[PDB]
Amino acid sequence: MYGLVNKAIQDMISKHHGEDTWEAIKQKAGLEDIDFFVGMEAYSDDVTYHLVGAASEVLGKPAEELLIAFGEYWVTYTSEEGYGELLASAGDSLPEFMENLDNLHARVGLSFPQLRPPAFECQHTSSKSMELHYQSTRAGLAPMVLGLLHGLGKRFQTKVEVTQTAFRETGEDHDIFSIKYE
């Protein structure tokens, strides 16, 4: 993925557990060569998955748990490293936000013009709840979507209850979630 993402992980790790750690992880994930990530340059997803795996081992935490925290972080990190106005333009409620998210990523993608955004379709089951459809060219990131989702809860002082009901990894067509919100 574009190196913003890996910068993102490096800085979450760095803020939380120090630099020492980041570097072991960066070494473990087999990436010591690279001296910094280039925010607007593209990488092989490999780079991102190995980072996550290293992080797990060094930190002794489930990969899934790091994805979840990473999803939460990103929401704050984007609003702060040059995308806060774009974020805000995507709306000021969670449901509105989730409808604008493909357009959000579309705006982004005309700058990062090699972007492989995900797709998100909402089916509202009420004014407090929906089925969310997560469609992706990649595997493994559902847990990120949950962190992401709780992060947007914070941003909007909204309380979000989230549960996966369908699973790409098992060969189903895409990930689906049921979401209850304040």
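Start at 1 with the first residue shown and count on from there.
Quick one: higher average CA temperature factor, 170-178 or 18-26?
Taking the mean B-factor of the alpha carbons in each, 18-26 is higher.
Mean C-alpha temperature factor, higher of 130-138 and 60-68:
Taking the mean C-alpha B-factor of 130-138 and of 60-68, the larger value falls to 60-68.
Return the residue from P143, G151, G39, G53 that has the highest Cα B-factor in the entry.
So the option with the highest C-alpha B-factor is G53.
Residue with highest C-alpha B-factor in the PDB entry, from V75, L94, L110, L104
Comparing C-alpha B-factors across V75, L94, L110, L104, the maximum falls on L110.
Once the chain's modelled residues are ordered by C-alpha B factor and cut into thirds, is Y49 in the lowest, middle or highest one?
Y49: CA B-factor falls in the highest third of its chain.
Using the B-factors in the PDB entry, rank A8's C-alpha atom against the chain and give the third, lowest, middle or highest.
Middle third.
How does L31 rank on Cα B-factor within its chain, lowest, middle or highest third?
Tercile = highest for this residue's CA B-factor.
In terms of the CA temperature factor given in the entry, to which third of its chain does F120 belong: lowest, middle or highest?
Lowest third, going by the recorded CA B-factors of the chain.
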